[PDB]
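Here is the structure we will look at.
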Amino acid sequence: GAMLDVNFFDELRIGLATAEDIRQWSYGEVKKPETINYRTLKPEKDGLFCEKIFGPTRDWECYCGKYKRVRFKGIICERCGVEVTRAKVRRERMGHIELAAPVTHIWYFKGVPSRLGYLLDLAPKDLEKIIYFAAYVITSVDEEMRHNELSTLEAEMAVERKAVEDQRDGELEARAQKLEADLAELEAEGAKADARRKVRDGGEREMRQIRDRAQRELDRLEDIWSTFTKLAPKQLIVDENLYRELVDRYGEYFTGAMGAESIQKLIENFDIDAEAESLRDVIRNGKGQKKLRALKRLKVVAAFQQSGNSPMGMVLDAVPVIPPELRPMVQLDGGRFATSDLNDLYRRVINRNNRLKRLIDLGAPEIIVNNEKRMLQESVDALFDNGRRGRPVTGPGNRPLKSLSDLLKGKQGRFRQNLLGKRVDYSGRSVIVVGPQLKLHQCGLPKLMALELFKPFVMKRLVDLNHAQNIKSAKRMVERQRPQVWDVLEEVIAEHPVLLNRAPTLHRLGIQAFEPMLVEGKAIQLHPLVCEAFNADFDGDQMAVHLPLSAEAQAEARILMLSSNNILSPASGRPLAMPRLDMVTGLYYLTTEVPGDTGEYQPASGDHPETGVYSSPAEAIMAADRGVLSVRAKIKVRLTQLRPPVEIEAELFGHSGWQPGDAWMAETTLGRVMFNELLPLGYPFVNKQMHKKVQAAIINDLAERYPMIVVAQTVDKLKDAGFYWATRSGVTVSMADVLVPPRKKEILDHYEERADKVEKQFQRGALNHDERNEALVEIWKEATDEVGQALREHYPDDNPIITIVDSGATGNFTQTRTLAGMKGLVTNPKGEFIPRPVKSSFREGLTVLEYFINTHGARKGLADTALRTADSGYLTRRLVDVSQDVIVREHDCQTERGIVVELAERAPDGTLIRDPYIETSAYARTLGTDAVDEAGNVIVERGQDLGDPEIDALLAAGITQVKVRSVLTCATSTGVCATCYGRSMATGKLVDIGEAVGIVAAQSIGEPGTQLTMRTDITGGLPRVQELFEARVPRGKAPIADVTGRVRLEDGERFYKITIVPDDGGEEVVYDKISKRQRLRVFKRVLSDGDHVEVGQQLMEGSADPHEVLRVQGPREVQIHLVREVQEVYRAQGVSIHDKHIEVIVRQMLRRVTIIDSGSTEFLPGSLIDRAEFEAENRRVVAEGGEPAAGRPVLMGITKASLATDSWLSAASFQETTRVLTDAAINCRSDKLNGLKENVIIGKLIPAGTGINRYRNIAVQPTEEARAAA
DNA sequence: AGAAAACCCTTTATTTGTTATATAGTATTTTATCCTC
DNA sequence: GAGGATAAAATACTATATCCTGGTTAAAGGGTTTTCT
RNA sequence: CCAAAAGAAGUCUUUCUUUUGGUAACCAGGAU
Ligand SMILES: [Zn+2]
Ligand SMILES: [Zn+2]
């Protein structure tokens, strides 16, 4: 394929490299541990920076100086040998080190599971002995020459043993003669007990010592014989002396080695087919741990069998050296250098190799040579992975060095740090402030930042306008900021979009494009109506500015990313550019009707006519300017430019409508006329007070029925009016506005008596500790509620605090009670309520103890957020990876499968009560079947968007369930289709044929984390979501039923015992160890003995594990289970996420199947393989005879599924880089470069959105009439 | 020709031995003990 | 009583949001070399 | 892509030619 790469890539292949490839990449051999000569500052020869090996340090300049001119090229100087070329080649040329002994690669020896110990069937514990010179290994044995010379040598060994034993027996006989002489001495002369006992003890001691010597020597020879007779390959001979005796006595019949060369010889004498066949037989028959070990072993053996690659690449004979420019040493001032920390590791290897090489030619004992080889083996291990075995090699300050593996792993590795995320030009950052004067598509950019980002564009116009002779003059002008650069700049930046970004970018709207304009200052001015999308308050936030350059990059920032084109949230479809806070207060104040205000309408009294009637809204604005009328007084006006409401338009104009100009009489306030003048012209007249809910309804109506530009302009006008009238609303905070409940003391005393009685009952022993606490807690909760109600009833309606609360602007009433009336019960560090409770408000001021017990829970709350901020991001990162390959590819798969939706179950007495969560499960879906009711014609046809009117029609017609299309049932091969996905929640129309729905789903699920409080053993928050998506076993696992029937329950001691009675009668299922600390489930009454249970009824109270429900009830049921369980948490936190996103993730969770019966297909039992591949392979196998493979659905987590991906590059960049790389190399995997991440890494256009062939190959041509007209 | 003050190299050794604030999850080797023949 | 098979425990590896700035970058010992007297 | 020196033309100060010269890892502290 390509060598220097021109981006004609089709594949990226990884595999093991042999020594012949390593010394084929090489341009030379490094054989001296030198880097640079400090005096001349020129690379030494045959060192780590030699110019002959790695190339010239200076462009077209050899080492000796004979050649210095460009004209010389492609020739190697005959004196210095340096090839005359460009110095850039030092980033490309590699050398190699020729090792004096073989050395293993630590990746295939250490990493668990050990892959050499699976290939050779050696436990790692004793493999470490072999490769580090701590034991011998038998590499070969002759097993027939043995048989023959073995009979012969058995005879010889018997001869030897008998001879030695006879010699020892003669020695014992001599000892016996000595004993007889001793007895002669004893009995001959006179010597009593002393001498007798002494001589006899000596004699018996000597006899026993001779016997012991005989026994020990016989045992040694017996060990020699026993070891020889049973000698086998791969046998570890510890006890050096044993091996020395064996090799001396029978040096033939076997060869034994030590170190990595022994493993090399073991691999050479290793046929890969017999091993594979044996492992397959053991799999088919063995069972138990033997089968579970053969299944693991067969993976690597099959990997090395299928491919043409050999396993000999595990043991190394040459080491490659990385080009110098990737491990540079740079001159720091003062004759000091900064090495790259790889030079030290290479120098250690070179030094050890040179010493070993010199110690071999010189001749030395085997001990010393083996010691040098062991140290050389340890040096290469440190070079490749420092610290994986033993103590890390440390540099200055006792800090471990950075090996080659460290350059690839973790957040600071090559992948995540440099390939997936980069630093870029034409950027800037600053602090953002509020830009209330801007339009929705504009931003304020300080002019010194703009002059720097747009430097090339201003330099061109300065020359083009003849303000500068050339580009250097224009550059000097821009650098010195002459007065005309500003006149050029404001023209240059016109209609050039700029990208603004705030970190963390949780969702899509964290980047948006605006139109820059110059402002005075150093802070970026941001529109107030984009802070909800950016999540940007003005307490010190900063944002980064990027600048598109090409024509496509500029069109994508105007047609795709412009701020005013993105008003709706892609997660749920709700508008995000609504008024909030001050704007809501201002709009709520304006459209309020104060009874008995200035200038109100007054009926005729009989002496004067009606008062308060105006001939136009321009006469009322003139009366409000005189103090004669109030903007919130009820009046009657004659409107001509505002469309009347539906009823008034029907009962006065009929015909077609008001047809602007026709006058009608309205009874309203001036503020409401002013508010309705801000809405479009054809919009009816809204006569209501603008609570935040009403504003949300209006802006949803406008977004549905009108284009985007109209909505953007309307929200801008609403912003202006809201700020203007919030300045005049009179909302301030003074302690005279914080009223206190008039009778707090009476309530608190009344409940103090109750608490006193409870305490006295406890003091009399009527109840234990916990019962008293529960009683006190109930009493004080009642007291808090009774104080809050009095507070609510005491405040007026025009108080600023309750006004801000009741307009929906911000805040709830619990915060008002805590500030004005009473705080109440507070929690422990454990979480249990303090029964005191706190009895003061923050207006009165808490005492010291109340403040302390309040801090108890305050800090718990702060720590919770501080620690969830990271878990949210980790979860989002995993969800983005699992589902990065779901893209809309077709328009219609034309399948008939689908899911059903609850859609307003029927009421008991008979009525259709709508299902509360219908907007997130039934809206924005397309029907799969037709809706027919009570023999009536099809109410709704197949394939319809199924919006609000259609749901209303279906409910009126009287149906409760519809079968809709879903991504869980899409029939397309790669990616979803458009009709199965349905409406796009952001656009409002059918999704496009390039949209990356997987990333949108991941960002929608994972963005509302942070605002997902962990809740006080069943998990109930972000941990619950994480364990749902990871398909873990729930903490509070609750068993489910397996078959219908009645249930017999024995309330045993220390644990329950439930057994299901099968109606069929085959077998009874027993659940033994169920803790009594749990509870029984209640469905419809607590679980009662003899009660009937369903096939999948949950018995205990808790969380069922998703794996069992899949095995019992099938895939549809587990899909329902997972979607419902995730939505339950999100609803409990009051977050609206449409179900199709969770359905995308769940679809990605259920792609594979598990192999139970291999049959004849090339699938190992227990492996997980893609379901489509499963069907294709079984189809290929039904031909050529019949032997289907048996498969079963499996459920995978978001990490296992994302690591089982078909691209080794994406999986290596996700997690576990070393393991993914080593097993990909062993399997010789090839990467097709078909995903988003893989194309991002190599720098190619992603296959999504604007980068697909349908849109990327458009052809534009003028029309013929336009050509003629010209 | 000998003595003193400034270079060049090595290496943080790895014992029959100088190293104790995480948890949560999974996966793979021991290992200990129990059950069977 | 011996062997095997299954729980148990014990180690081994992996992951934990984004952005910015400021201070440091080897010591110690042995052998040797060169200059001065 | 920039700096310095020399030569030529004009302007009273730009253009042409020749030569020379041209970073990271750790630890720590903050912010949203
Ligand atoms: Zn040369
Ligand atoms: Zn489909």
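Those letters in the first sequence? Residues -1 to 1014, 1023 to 1090, 1097 to 1282, by the authors' numbering. All C-beta atoms in this analysis are idealised placements derived from N, C-alpha and C, irrespective of residue type, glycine included.
Compute the minimum distance between the beta carbon of residue i and the heavy atoms of ligand 1, and state whether it is under 7 Å.
i, result
"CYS78", "yes"
"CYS48", "no"
"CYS60", "yes"
"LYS40", "no"
"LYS64", "yes"
"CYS441", "no"
"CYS1240", "no"
Within 10 Å of its beta-carbon, does residue i have 16 or more other beta-carbons around it, so buried, or fewer, so exposed?
i, result
"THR863", "exposed"
"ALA121", "exposed"
"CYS975", "buried"
"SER377", "buried"
"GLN657", "exposed"
"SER112", "buried"
"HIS1150", "buried"
"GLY819", "buried"
"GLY973", "buried"
"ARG209", "exposed"
"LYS828", "exposed"
"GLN415", "exposed"
"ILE365", "exposed"
"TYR872", "exposed"
"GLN1032", "buried"
Kindly give me the distance between the Cβ atoms of residue i and residue j, rounded to whole angstroms, as I take these residues to be in contact under 8 Å.
i, j, result
"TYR921", "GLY945", "7 Å"
"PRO615", "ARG556", "In fact, because the Cβ distance is near 38 Å, the residues do not count as touching under 8 Å."
"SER403", "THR1230", "6 Å"
"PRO434", "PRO526", "6 Å"
"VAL347", "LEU381", "6 Å"
"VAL884", "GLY1007", "About 21 Å; that fails the 8 Å criterion."
"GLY1114", "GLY1042", "4 Å"
Please name the residue or residues paired with residue i in a DSSP beta bridge.
i, result
"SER24", "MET92"
"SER428", "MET541"
"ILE1253", "Answer is none; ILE1253 lacks a bridge partner."
"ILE136", "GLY254"
"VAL319", "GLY93"
"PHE512", "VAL496"
"residue 1283", "The displayed coordinates of the chain run from -1 to 1282. Any statement about residue 1283 would go beyond what the structure contains."
"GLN440", "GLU513"
"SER1115", "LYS1043"
**OP:** Name all residues in chain order for which at least one heavy atom of ligand 2 lies closer than 5 Å to the residue's CB.
**Re:** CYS891, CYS968, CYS975 and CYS978
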